[PDB]
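Read-outs throughout are calculated quantities, based only on the coordinates presented, and are distinct from any laboratory measurement. Virtual Cβ from ideal backbone geometry, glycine too; neighbours counted across all protein chains shown.
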Amino acid sequence: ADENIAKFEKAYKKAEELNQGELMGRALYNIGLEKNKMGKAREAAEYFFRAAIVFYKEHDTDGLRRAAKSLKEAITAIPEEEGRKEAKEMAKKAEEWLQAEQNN
């Protein structure tokens, strides 16, 4: 069970209480992909959001754009107990962060 994720649970160190960010985020993003591949796109969407927060702070436009894109499409793939007004709004967050990162 989890396989790649199980490794990434040890590869992703405490980023959200330490000044290490750019080294991670993308690890939660990769875990998120795997969750959606196993059908459980709820945890997928959560990890794409928490990843997008890390990318946003590190101003990693590639990963933030990549997380935003995958976020909204993992949400449409979320099974029963589909949170909707919690999980889907996270995609809208990642939209706002991404567009403000551009401001071209």
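Using the Cα centre of the chain as the reference point, and only Cβ charges (+1 on K/R, -1 on D/E), how large is the resulting charge dipole? Debye, rounded to the nearest 20. Write out the running numbers ahead of the final one.
Details: 20 positive and 21 negative charges, 21 e Å.
Its charge dipole is roughly 100 debye.
Could you tell me how far the Cα centroid of region 71-104 sits from the Cα centroid of region 26-57, in Å?
Distance between centres, Cα-based: 11 Å.
Once you place label points 7 Å from the Cα toward the Cβ at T76 and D2, how far apart are they in nm?
3.0
Per residue Cα convex hull volume for the chain, in cubic angstrom?
95
Between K69 and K14, what is the label-to-label distance in nm when each label sits 7 Å out along the Cα-to-Cβ direction?
3.4
Could you sort 38-48, 90-100 so that the peptide with the highest average Cβ count within 10 Å comes first and the rest follow in order?
Numbers: 38-48: 21.1, 90-100: 16.4.
Averaged packing, sorted descending, gives the order 38-48, 90-100.
What is the packing order of peptides 79-88, 64-73, taking the mean over residues of other C-beta atoms within 10 Å and listing the highest first? Walk me through the intermediate numbers first.
On the way: 79-88: 11.6, 64-73: 21.1.
The most tightly packed comes first, giving 64-73, 79-88.
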